[PDB]
Amino acid sequence: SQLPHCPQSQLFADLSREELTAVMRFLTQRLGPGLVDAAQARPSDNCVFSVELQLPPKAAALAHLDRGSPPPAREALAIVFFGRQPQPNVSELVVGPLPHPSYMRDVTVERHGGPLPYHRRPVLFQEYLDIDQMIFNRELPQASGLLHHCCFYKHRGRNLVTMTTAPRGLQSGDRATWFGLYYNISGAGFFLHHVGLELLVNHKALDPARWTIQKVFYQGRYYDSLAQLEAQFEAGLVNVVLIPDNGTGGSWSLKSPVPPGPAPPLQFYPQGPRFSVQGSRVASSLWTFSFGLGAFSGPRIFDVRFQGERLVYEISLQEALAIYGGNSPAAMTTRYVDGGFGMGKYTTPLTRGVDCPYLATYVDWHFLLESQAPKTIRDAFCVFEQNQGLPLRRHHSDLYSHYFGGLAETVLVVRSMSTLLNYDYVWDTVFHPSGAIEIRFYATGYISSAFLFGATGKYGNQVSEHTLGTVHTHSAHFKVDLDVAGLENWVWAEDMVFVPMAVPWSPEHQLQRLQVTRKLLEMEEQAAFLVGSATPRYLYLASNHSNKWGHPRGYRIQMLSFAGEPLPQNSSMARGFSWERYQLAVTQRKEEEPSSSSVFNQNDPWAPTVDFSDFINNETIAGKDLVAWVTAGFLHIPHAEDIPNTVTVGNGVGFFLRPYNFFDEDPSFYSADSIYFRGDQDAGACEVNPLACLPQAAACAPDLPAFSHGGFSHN
Amino acid sequence: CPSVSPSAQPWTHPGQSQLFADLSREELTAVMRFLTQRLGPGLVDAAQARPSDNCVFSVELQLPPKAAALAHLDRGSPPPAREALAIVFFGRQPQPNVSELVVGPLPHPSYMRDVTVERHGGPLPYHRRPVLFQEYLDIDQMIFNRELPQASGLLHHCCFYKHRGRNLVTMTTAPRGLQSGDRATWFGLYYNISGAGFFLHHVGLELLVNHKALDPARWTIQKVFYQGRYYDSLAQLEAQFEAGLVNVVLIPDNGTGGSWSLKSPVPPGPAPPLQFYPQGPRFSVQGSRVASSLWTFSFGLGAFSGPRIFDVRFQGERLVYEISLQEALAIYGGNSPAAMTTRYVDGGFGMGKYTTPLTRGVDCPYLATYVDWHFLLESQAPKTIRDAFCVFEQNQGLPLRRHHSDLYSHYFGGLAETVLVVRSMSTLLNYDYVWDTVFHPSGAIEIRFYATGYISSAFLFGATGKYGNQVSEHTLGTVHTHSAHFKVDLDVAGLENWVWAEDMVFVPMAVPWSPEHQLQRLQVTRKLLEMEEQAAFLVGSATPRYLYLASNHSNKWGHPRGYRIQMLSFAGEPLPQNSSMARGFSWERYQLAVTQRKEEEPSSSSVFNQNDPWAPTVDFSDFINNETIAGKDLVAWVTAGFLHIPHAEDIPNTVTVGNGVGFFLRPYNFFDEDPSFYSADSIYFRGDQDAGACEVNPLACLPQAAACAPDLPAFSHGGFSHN
Ligand SMILES: *[C@@H]1O[C@H](CO)[C@@H](O[C@@H]2O[C@H](CO)[C@@H](O[C@H]3O[C@H](CO[C@H]4O[C@H](CO)[C@@H](O)[C@H](O)[C@@H]4O)[C@@H](O)[C@H](O[C@H]4O[C@H](CO)[C@@H](O)[C@H](O)[C@@H]4O)[C@@H]3O)[C@H](O)[C@H]2NC(C)=O)[C@H](O)[C@H]1NC(C)=O
Ligand SMILES: *[C@@H]1O[C@H](CO)[C@@H](O[C@@H]2O[C@H](CO)[C@@H](O[C@H]3O[C@H](CO[C@H]4O[C@H](CO[C@H]5O[C@H](CO)[C@@H](O)[C@H](O)[C@@H]5O)[C@@H](O)[C@H](O)[C@@H]4O)[C@@H](O)[C@H](O)[C@@H]3O)[C@H](O)[C@H]2NC(C)=O)[C@H](O)[C@H]1NC(C)=O
Ligand SMILES: *[C@@H]1O[C@H](CO[C@@H]2O[C@@H](C)[C@@H](O)[C@@H](O)[C@@H]2O)[C@@H](O[C@@H]2O[C@H](CO)[C@@H](O[C@H]3O[C@H](CO[C@H]4O[C@H](CO)[C@@H](O)[C@H](O)[C@@H]4O)[C@@H](O)[C@H](O)[C@@H]3O)[C@H](O)[C@H]2NC(C)=O)[C@H](O)[C@H]1NC(C)=O
Ligand SMILES: *[C@@H]1O[C@H](CO[C@@H]2O[C@@H](C)[C@@H](O)[C@@H](O)[C@@H]2O)[C@@H](O[C@@H]2O[C@H](CO)[C@@H](O[C@H]3O[C@H](CO[C@H]4O[C@H](CO)[C@@H](O)[C@H](O)[C@@H]4O)[C@@H](O)[C@H](O)[C@@H]3O)[C@H](O)[C@H]2NC(C)=O)[C@H](O)[C@H]1NC(C)=O
Ligand SMILES: *[C@@H]1O[C@H](CO)[C@@H](O[C@@H]2O[C@H](CO)[C@@H](O[C@H]3O[C@H](CO[C@H]4O[C@H](CO)[C@@H](O)[C@H](O)[C@@H]4O)[C@@H](O)[C@H](O)[C@@H]3O)[C@H](O)[C@H]2NC(C)=O)[C@H](O)[C@H]1NC(C)=O
Ligand SMILES: *[C@@H]1O[C@H](CO)[C@@H](O)[C@H](O[C@@H]2O[C@H](CO)[C@@H](O)[C@H](O)[C@H]2NC(C)=O)[C@H]1NC(C)=O
Ligand SMILES: *[C@@H]1O[C@H](CO)[C@@H](O[C@@H]2O[C@H](CO)[C@@H](O)[C@H](O)[C@H]2NC(C)=O)[C@H](O)[C@H]1NC(C)=O
Ligand SMILES: *[C@@H]1O[C@H](CO[C@@H]2O[C@@H](C)[C@@H](O)[C@@H](O)[C@@H]2O)[C@@H](O)[C@H](O)[C@H]1NC(C)=O
Ligand SMILES: *[C@@H]1O[C@H](CO)[C@@H](O)[C@H](O)[C@H]1NC(C)=O
Ligand SMILES: *[C@@H]1O[C@H](CO)[C@@H](O)[C@H](O)[C@H]1NC(C)=O
Ligand SMILES: [Ca+2]
Ligand SMILES: [Ca+2]
Ligand SMILES: [Ca+2]
Ligand SMILES: [Ca+2]
Ligand SMILES: [Cu+2]
Ligand SMILES: [Cu+2]
């Protein structure tokens with residue numbers, strides 16, 4: 001013996017390197033020279049900010065996928081900043097038959113009913129650099145006496161770093177950004193090392209020369225300017241607290257002081273993998289779908305088919321939201337609308353063996369954002385099968401007949417991860433062998449901290465020396481366009497109630513008769529459930545047709561959410577993310593309603609570009625193309641166990657999509673992996689029980705490839 | 001490659017005793033010998049016993065008092081007396097009762113004490129006794145010999161009644177009557193399907209058997225339900241049948257599909273994923289102790305209460321003295337008498353007593369560690385459930401923590417989550433409960449149960465879905481609720497604990513640097529829960545999103561060291577209080593409750609509540625009164641459950657997907673930092689370093705170390721029995 005080694009269209013695929021190049025060429029040509037690389041651009045420059053796939057209309061996409069009609073025009077969307085103009089109108093531009101582009105159309109006025117104001121533009125990478133020039137050259141030296149005393153200020157400024165805040169002002173049009181100052185920690189999170197200084201930078205002016213500092217916050221007190229502070233410091237009435245710059249422990253490191261022990265468990269596929277990834281399609285025994293990333297909206301999946309039948313046209317991440325409170329101006333006013341940064345744009349490489357199982361299939365992402373040449377995130381997606389170590393179904397019979405019949409649960413996962421400043425979002429889409437789909441998101445990585453000062457926990461817990469863990473809420477929104485056995489769908493709500501009754505065979509007694517309550521949700525407003533409201537324990541979208549037993553074929557939404565209290569309606573800001581107020585909502589699917597948020601809401605939520613609440617508009621949902629909008633989130637009070645990073649344990653939040661009288665029986669009855677044997681049969685007979693042959697088939701060493709990491713440069 | 005353990009399991013310090021281990025084969029025998037001797041002959045084997053017999057029903061471990069167990073485990077004092085509890089049916093008596101008997105220093109027993117009056121303040125009425133196995137058989141003798149032939153004219157037309165032999169089977173129901181003292185049991189009749197679930201094949205006939213009488217001869221049938229109508233007797237029916245005015249619907253005798261089979265018609269494809277430990281396992285099971293790098297605990301099964309875990313220590317420090325399953329509950333509704341009155345208090349049967357063997361590769365990962373359970377229940381010799389427990393490490397394929405830094409400094413730091421699982425499975429008639437306890441490397445503990453197996457069905461007749469969905473031909477999937485109760489005795493950094501509730505609120509404010517504007521100031525609300533009543537959260541009430549039990553002392557950062565209860569529950573509407581029955585499972589009405597831990601309050605339920613819930617033996621709500629929970633030995637009672645409306649996807653069995661329900665126990669300012677920073681398995685590397693250098697990144701050496709065929713043993717299965 002010498003034991004051996006172990007072994008449909010691309011219509012939703014993200015744009016390829018060539019396709020991105022072809023649109024940029026087309027753009028530089030037909031948009032008139034005078035065009036700046038977005039990495040270099042200034043406010044008054046003309047700029048291509050983003051180029052990514054423009055999703056096709058549903059009717060044409062379906063006509064192709066089902067009826068066999070020709071494909072709709074594959075198109076791209078480009079976001080262009082028009083700065084070299086007296087009145088800038090930032091513009092949305094559709095481009096070309098995209099294999100060989102040939103036209104261009106401005107849809108800004110079409111979609112948003114008017115020009116997009118220039119102040120809504122996301123803060124460019126160059127703009128961030130210009131801001132640091134002002135802070136470190138023009139501004140911080142004015143307080144170098146203070147900074148020398150507190151913060152180890154070196155005459156060449158880079159022992160400090162800045163981190164952005166959130167809605168840039170108090171009012172539509174504003175562009176004033178608080179910036180915290182942190183020690184530039186090497187090889188670990190700086191987010192835990194706030195030096196106690198925040199600066200309110202006004203960078204609305206098209207000329208960076210005219211940018212000013214409106215306010216200064218230092219270790220618990222406000223000031224008018226860095227001079228106004230520095231004066232009071234040298235006057236002896238600004239008492240510093242030394243924030244150390246270096247130490248040992250989790251506050252300072254991610255490297256463990258403990259050497260590796262015996263290896264942890266490892267999965268492998270003893271008879272080869274049981275799925276394939278061809279570009280943007282994944283195909284398996286049971287499942288079929290196309291996947292991808294929106295540059296700003298994030299992970300998304302299309303044309304999902306269980307055993308050949310479409311369940312859902314589109315499941316896409318729509319927006320993520322982090323609302324903070326604190327004792328300092330940065331924390332108590334931060335409301336991150338992360339789509340304004342980009343969940344796809346900030347997708348980080350997946351570390352083989354940590355982020356996914358070692359033997360997962362890792363896939364690269366190509367993008368064109370804030371530059372002129374397209375780039376790649378290596379290992380942006382991972383796709384893998386996971387043995388849950390759990391049975392999908394089971395029965396063990398000792399009664400009247402001796403038999404066992406079960407099936408271990410093995411799932412198919414698709415995963416992306418977005419690192420947005422301090423934290424890391426994980427985006428799970430899990431496909432179950434019962435026909436159910438699962439959407440779970442996780443929040444890990446570093447917390448956001450502030451300098452600790454006279455406060456009684458109204459704003460968080462002390463996690464380390466001089467460091468306040470600022471309270472905040474996470475919440476995300478998902479577009480779920482179910483097409484349950486066709487387009488036309490209805491929304492059902494079923495639930496329970498007890499009814500007192502005389503016992504039929506003894507009316508002198510009283511029982512409580514358990515019954516099912518069922519209601520058809522006719523209007524959009526009946527399917528809009530606010531956060532905090534009582535919710536039907538069974539809510540499902542169903543077809544007009546029936547299964548074998550006469551029940552409408554539906555799937556059901558089941559939510560795992562600990563949703564936090566939403567930002568009040570009184571706040572002018574709330575309209576920019578009014579989807580937070582809901583747990584779940586079903587609206588008519590409409591081409592002119594493709595998303596619940598916009599990349600332009602982050603910088604101007606008071607005059608929102610997209611306001612989700614407008615979609616809920618008093619229509620019928622009885623027999624239309626429906627789409628479910630699910631909000632999942634939770635409240636996070638940071639604590640000491642949250643200082644290496646946030647652990648994922650218990651913080652996974654999301655929802656299930658489960659068949660409810662959609663089939664005539666559970667399809668895992670037909671499973672090729674279901675185990676069954678009688679008590680009079682031989683359970684060790686490989687003939688009878690495939691598990692008995694597992695030692696023979698799994699008697700091989702894996703061929704697990706050499707460790708690669710997708711790298712990261714300095715973008 | 002390795003075959004057993006690698007580098008000698010763990011090296012920690014001492015303090016490993018099996019004071020909580022279930023009784024061994026020897027220990028059970030010694031008590032039975034002791035009982036037959038000193039309890040006076042006239043004693044019958046429980047498997048053979050009749051109502052009027054004298055009977056040993058159960059013998060199992062009697063848990064020690066906390067104070068003596070702790071003094072031994074910590075202070076070093078001698079162990080408390082290892083004892084056992086025996087349930088004895090006293091039938092050969094003018095006034096028959098059931099009695100609870102403690103017995104002996106249990107290595108070599110020497111005494112006996114009746115604690116029935118001590119614990120329950122009086123004798124245990126005999127009608128509360130669980131229905132014996134022999135009692136079920138006697139009922140079937142009555143039904144099949146004395147009773148069913150009286151309607152064989154009907155039965156030959158509808159149901160393939162063969163001569164006298166059984167092709168039909170009965171299934172019990174739940175609270176046996178309408179009133180304290182009753183013992184009248186509905187029995188459904190089903191085709192005795194071979195090799196698959198009979199529960200999906202209700203023939204449409206239910207019989208109300210009165211078996212309260214100590215003499216089986218005096219047992220009678222009070223009522224008969226057939227295909228939508230009631231009758232007085234099987235003769236009264238059989239009359240109207242031959243009279244031509246009882247219209248039968250043929251229920252078929254046989255078929256194909258999930259309605260009829262569990263065997264797939266599809267042959268095996270390529271093997272599914274498999275885990276293994278490339279450098280040996282990283283944990284050990286010595287009897288009832290489990291020990292790993294991080295975790296240490298003793299596990300077991302109560303015969304009626306079910307799975308339980310004791311003396312849990314993360315990195316050598318106790319977090320919890322006891323986490324035990326307490327009771328499981330299934331409340332049904334239906335169009336027939338059986339369904340619409342069924343309220344199973346499964347502890348009255350036994351979650352441990354009905355623990356089934358774990359099939360290697362389906363119920364747990366193939367390479368899990370399977371452990372046997374010894375018991376003495378309804379017999380005179382102890383038996384064994386082979387592979388009753390499984391213990392294993394599971395790579396979650398999920399990171400525990402992660403950061404990928406592209407900003408100001410190029411680094412990655414993370415750790416893939418690997419968990420430690422302990423699992424039992426209880427098959428109670430139609431359904432299969434899975435009992436998970438998952439130990440996380442963050443210091444968190446997780447309790448998840450699952451419900452799978454066959455649904456209970458009834459014969460379908462004129463009904464508009466008020467009681468369920470039609471799942472197959474002539475089969476109604478009856479609506480019901482699952483719910484279970486957990487005793488969680490946390491001792492957070494000592495016995496004395498307080499209960500904290502933290503939650504959130506927004507406060508309008510003028511903007512400090514622009515008072516012309518308004519902000520909404522996010523703040524934290526915090527309240528100390530002082531009285532037991534403040535910590536009793538009813539189902540449907542609003543719950544603090546942060547609720548935790550904490551010590552008097554503080555972590556490095558001055559915060560009280562606590563753990564936190566986080567619940568994943570979709571709990572169903574509870575049985576109303578207006579019902580006289582509800583007192584037998586009043587724990588259902590709460591989501592979570594914290595009470596003073598007391599020796600005389602060891603359990604929220606009783607095996608004797610199933611047959612007499614109107615006069616409950618244990619009434620949970622009595623635990624909640626006007627006592628302080630500010631600085632005592634506390635104990636949390638967590639309820640988790642959901643509503644189940646059966647549907648077509650539930651006809652091979654119930655899938656576990658999404659039906660997992662339970663709660664988390666997570667550290668909240670208990671440590672000075674997340675202990676997984678110190679993980680031996682944490683990955684970290686800078687951008688200027690070599691990620692492929694094994695020196696730098698242990699993952700790079702994984703292909704070298706995982707170049708190994710496993711040594712996965714030959715498949716065993718734990719067999720079955722005729723009980
Ligand atoms: C916060 O503090 C940190 C230290 O405490 C600072 O970290 C330092 O950042 C600099 C700037 O990024 C790093 O640059 C130096 O090292 C790199 C490494 O080069 C190697 O790896 C590259 C992959 O990124 C390859 O592309 C290279 O070919 C090489 O294999 C050098 O690339 C740097 O550039 C040098 O050479 C170029 C070209 O000739 C010159 O233009 C530069 O002037 C320079 O001479 C640097 O040598 C540095 O590694 C890093 N230090 C540590 C210890 O990690 C950090 O800069 C600071 N804050 C900010 C805002 O950056
Ligand atoms: C928001 O702002 C954007 C730009 O910031 C606006 O887009 C501009 O729209 C203007 C009209 O609203 C348009 O202005 C005039 O010019 C175009 C013609 O220019 C286009 O076509 C030429 C081709 O024509 C000949 O001449 C050119 C030299 O100009 C030669 O190179 C060429 O070879 C050919 O012989 C293109 O070359 C050129 O690049 C333009 O695409 C007219 O059609 C208009 O009617 C109008 O008179 C201006 O060109 C647009 N800017 C562009 C395309 O960069 C947008 O309108 C605005 N929207 C709102 C609501 O304010
Ligand atoms: C289930 O829903 C589908 C989809 O339609 C949607 O749901 C229904 C319930 C409504 O809410 C609609 O508003 C939604 O769009 C239904 O599909 C339709 O089914 C029809 C019957 O099978 C079919 O037409 C048939 O009859 C045609 C004759 O027209 C009749 O009506 C006119 C008056 O309008 C009457 O004068 C005339 O005498 C006829 O009786 C005939 O031409 C067709 O060949 C066919 O036989 C529709 O074509 C079809 N819809 C489409 C778009 O094709 C389905 O009926 C629903 N089933 C139910 C409710 O059981
Ligand atoms: C944290 O809590 C523990 C547990 O006690 C519980 O919580 C405290 C806060 C109270 O609410 C108790 O009612 C709860 O049961 C505390 O443990 C206790 O700590 C004491 C201080 O070390 C210790 O007693 C010490 O002092 C004794 C002298 O008695 C003094 O008080 C009387 C007035 O009553 C006075 O006349 C006398 O002159 C003394 O000044 C001494 O005899 C002891 O030997 C010992 O040195 C208690 O024994 C102990 N509790 C128990 C049950 O043993 C702990 O202090 C708290 N820590 C904090 C608040 O930081
Ligand atoms: C409901 O129907 C069930 C089947 O339809 C009945 O199950 C049967 O129950 C009997 C009694 O418990 C059980 O024992 C019988 O078969 C044994 C095994 O068969 C022998 O022969 C085979 C070869 O054919 C050989 O491989 C075996 O090793 C074994 O030697 C006999 O050993 C035994 O003596 C007895 O005859 C049956 O196995 C079982 N049949 C099935 C198909 O499960 C059940 O009894 C009935 N319910 C009630 C309440 O009656
Ligand atoms: C939100 O807007 C509602 C509008 O009806 C307003 O009532 C709330 O303002 C005030 O809240 C106070 C409690 O925090 C209350 O004492 C006061 O009466 C109430 N104002 C009025 C006119 O009744 C607004 N709440 C918030 C949080 O902004
Ligand atoms: C942060 O501080 C540690 C010590 O706390 C530094 O370790 C020092 O390293 C230098 C050179 O590498 C030695 O000369 C010192 O003797 C070390 N000190 C101790 C106490 O071990 C570490 O270098 C510091 N971090 C950085 C980035 O310089
Ligand atoms: C169940 O029946 C299967 C096929 O028999 C079918 O049923 C009878 C009533 C007739 O309608 C006949 O024409 C059909 O073919 C068998 O293959 C199977 O063995 C039967 N199951 C048993 C006997 O347990
Ligand atoms: C219980 O009885 C009271 C009688 O006062 C009644 O008001 C209440 O509605 C009843 N509850 C239920 C669930 O029937
Ligand atoms: C004490 O218990 C009674 C019920 O007997 C209750 O009404 C009262 O509110 C309780 N008081 C306190 C302080 O717990
Ligand atoms: Ca709408
Ligand atoms: Ca739809
Ligand atoms: Ca109490
Ligand atoms: Ca306690
Ligand atoms: Cu968070
Ligand atoms: Cu159920």
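Conventions adopted
- Residues numbered from 1 in each chain as written, not as in the entry; some residues may be left out.
- Chains lettered and ligands numbered in written order.
- Heavy atoms only, no water.
- Residues with missing side-chain atoms left out of burial classes, pairs and counts.
- Near = heavy atom within 4 Å.
- Polar contact = N/O pair within 3.5 Å; in protein donor to acceptor, adjacent residues only side chain to side chain.
- Areas by Shrake-Rupley, 256 points an atom, 1.4 Å probe, with all protein chains shown as cover.
- Nonpolar A, V, L, I, M, F, W, Y, C, P; charged D, E, K, R; others polar.
- Donors = N, O, S within 2.8 Å, 3.2 Å for Na, K, Ca; no water.
- Helix = DSSP H or I, 4+ residues; strand = E, 2+ residues; numbered from the N terminus.
- Buried < 20%, exposed > 50% of the residue type's maximum accessible area, 1.4 Å probe, protein only.
- Disulfide = S-S within 2.5 Å.
- UniProt positions renumbered as here; feature names shortened; annotations may be inferred.
- Contact = heavy atoms within 4.5 Å.
- Buried area = accessible area lost by both parts, 1.4 Å probe.
- Salt bridge = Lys/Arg side-chain N within 4 Å of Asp/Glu carboxyl O.
- Pairing = 2+ DSSP bridges.
- Axes fitted to C-alpha atoms, helices over the stretch in contact; angles between N-to-C directions.
- Domains from an automatic or database assignment.

- Deposited coordinates in this entry are attributed by the record to X-ray crystallography, at a stated resolution of 3.80 Å.

## Considering the site of ligand 1
Next, step 1: Residues in close proximity to ligand 1 include A:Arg158, A:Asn184, A:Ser186, B:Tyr408 and B:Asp688, which together make up its full environment.
Next, step 2: Close to ligand 1, residues of chains A and B are found.
Next, step 3: Contact between ligand 1 and A:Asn184: an oxygen atom at 2.2 Å from a side-chain N or O atom of the residue.
Next, step 4: Considered on its own, ligand 1 offers 1,100 Å² of accessible surface; in the complex 22% of this is hidden by protein.
Next, step 5: Split into classes, the residues belonging to the shell around ligand 1 amount to one nonpolar, two polar and two charged.

## Details of the coordination of the calcium ion (ligand 12)
All names here are of chain A.
Next, step 1: The calcium ion (ligand 12) binds to the protein through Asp-481 (OD), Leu-482 (O), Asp-483 (OD), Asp-625 (OD), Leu-626 (N) and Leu-626 (O), with metal-donor distances spanning 2.4 to 3.1 Å.
Next, step 2: Expressed as a motif, the donor residue spacing for the calcium ion (ligand 12) is D-L-D-x141-D-L. In this pair, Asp-481 sits in strand β26 (residues 472-482) while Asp-625 sits in strand β33 (residues 624-636), placing the two residues 144 residues apart along the sequence. In this structure, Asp-481 and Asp-625 share a single accessibility class: buried.

## Let's talk about the coordination of the copper ion (ligand 15)
Residue and element names in this part refer to chain A.
Next, step 1: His-472 (NE2), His-474 (NE2) and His-636 (ND1) make up the full set of protein donors to the copper ion (ligand 15), lying at 2.1 to 2.4 Å.
Next, step 2: Mapped onto the sequence, the residues coordinating the copper ion (ligand 15) show the spacing H-x1-H-x161-H. With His-472 in strand β26 and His-636 in strand β33, this residue pair connects regions lying 164 residues apart in the sequence. Exposure class is identical for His-472 and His-636. Each is buried.

## Considerations on the state of the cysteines
Next, step 1: Per the counting criterion, the structure on display carries six disulfides over all chains.
Next, step 2: Across the disulfide from A:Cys150 sits A:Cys151; the S-S distance is 2.0 Å. Its S-S torsion of about -110° marks the bond between A:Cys150 and A:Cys151 as left-handed, since a negative value means left-handed.
Next, step 3: Covalently, B:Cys158 is tied to B:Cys159 through a disulfide, its sulfur atoms 2.0 Å apart. Taking the sign of the S-S torsion, -110° for the link of B:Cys158 and B:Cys159, the bridge is left-handed.

## Points about the UniProt feature "active site" in chain B
Residue and element names in this part refer to chain B.
Next, step 1: Mapped onto this structure's residue numbering, the UniProt feature "active site" falls at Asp-346 and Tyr-431. The named residues occupy 86 residues along the chain; their greatest pairwise C-alpha distance, 11.1 Å, places them in one compact cluster.
Next, step 2: Inspection of the secondary structure puts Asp-346 in the loop between β18 (343-345) and β19 (369-377).
Next, step 3: Given a relative accessible area of 5%, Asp-346 falls into the buried group.
Next, step 4: Looking at the secondary structure, you find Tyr-431 in strand β22 (residues 431-439).

## Regarding the interface of chain A and chain B
Accessible area lost on assembly of the parts is the figure often given for the size of an interface.
Next, step 1: On the side of chain B, 203 residues touch chain A, which itself brings 205 residues to the contact.
Next, step 2: Across the chain A to chain B interface the summed buried area is about 17,000 Å²; carbon plus sulfur atoms make up 63%.
Next, step 3: Along the contact surface separating chain A from chain B lie six salt bridges.
Next, step 4: Note that B:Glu473 and A:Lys548 form a salt bridge whose closest N and O atoms lie 3.9 Å from each other.
Next, step 5: For the pair chain A and chain B, the number of links is 94 residue pairs in polar contact.
Next, step 6: The leading source of residues in the side of chain A that touches chain B is strand β19 (residues 375-397) of chain A, at 14 residues.
Next, step 7: Along the lines of polarity and charge, the residues of the side of chain A that touches chain B split into 100 nonpolar, 75 polar and 30 charged.

## Topic: the sheet that holds strand β8 (residues 194-202) of chain A
Residue and element names in this part refer to chain A.
Next, step 1: The antiparallel open sheet is built from five strands, whose spatial order is β6-β7-β8-β9-β10. Each of the sheet's edge strands pairs with one partner strand only, and the pair in question is β6 (160-163) and β10 (221-223). Geometrically, the sheet is characterised by an average inter-axis angle of 25° between neighbouring strands, direction not taken into account.
Next, step 2: The sheet contact formed by β6 and strand β7 (residues 176-183) spans four bridges and is antiparallel. By the bridge assignment, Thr-162 is partnered in β7 with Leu-181.

## With respect to the UniProt feature "active site" in chain A
All names here are of chain A.
Next, step 1: Here the UniProt feature "active site" sits at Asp-338 and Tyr-423.
Next, step 2: One can find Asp-338 in the loop between β17 (335-337) and β18 (361-369).
Next, step 3: If we skip the residues at most four places from it in the chain, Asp-338 touches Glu-319, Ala-320, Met-343, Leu-420, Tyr-425 and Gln-602.
Next, step 4: Note on placement: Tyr-423 falls in strand β21 (residues 423-431).

## Quick word on the side chain of A:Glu494
Next, step 1: Assignment of secondary structure puts A:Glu494 in strand β27 (residues 488-503).
Next, step 2: Here A:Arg518 takes part through its side chain, which lies 3.0 Å from a polar atom of the side chain of A:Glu494.
Next, step 3: Within the local environment of A:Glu494, its side chain forms a polar contact with the side chain of A:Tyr540, the two groups lying 2.6 Å apart.
Next, step 4: Residues in contact with A:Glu494, not counting those within four places in the same chain, are A:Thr517, A:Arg518, A:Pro536, A:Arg537, A:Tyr538, A:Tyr540, A:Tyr660 and B:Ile645.

## Details of the domain arrangement of chain B
All names here are of chain B.
Next, step 1: Taken domain by domain, chain B comprises domain 1 (14-125), domain 2 (126-257) and domain 3 (282-688).
Next, step 2: Placing the centre of domain 1 and that of domain 2 at their C-alpha centroids yields a distance of 37 Å.
Next, step 3: Contacts between the two partners involve 18 residues from domain 1 and, on the opposite side, 12 residues from domain 2.
Next, step 4: Taken over both partners, the interface formed by domain 1 and domain 2 buries close to 1,300 Å², and the fraction arising from carbon and sulfur atoms is 66%.

## Overview of the sheet that holds strand β26 (residues 475-478) of chain B
Residues and elements named next belong to chain B.
Next, step 1: Sheet architecture is open: three strands sit in the order β24-β26-β25, paired in antiparallel fashion. The outermost strands of the open sheet, each flanked by one partner alone, are β24 (457-459) and β25 (468-472). In this sheet, neighbouring strand axes are inclined to one another by 45° on average, regardless of whether the strands run parallel or antiparallel.
Next, step 2: Where β25 meets β26, four bridges bridge the pair, whose relative direction is antiparallel.

## Looking at the pairing of β26(A)
Residues and elements named next belong to chain A.
Next, step 1: β26 sits mainly inside the fold: 11 of its 11 residues count as buried.
Next, step 2: Taking every second residue as pointing to the same face, both faces of β26 are buried, with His-472, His-474, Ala-476, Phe-478, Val-480 and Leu-482 on one and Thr-473, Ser-475, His-477, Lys-479 and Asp-481 on the other.
Next, step 3: With 11 bridges joining them, strand β16 (residues 309-324) and β26 adopt antiparallel strand pairing. Note that in β26 the partner of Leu-317 across the bridge is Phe-478.
Next, step 4: Where β26 and β33 come together, nine bridges link them in antiparallel fashion. Opposite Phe-478, over in β33, you have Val-630 as the bridge partner.

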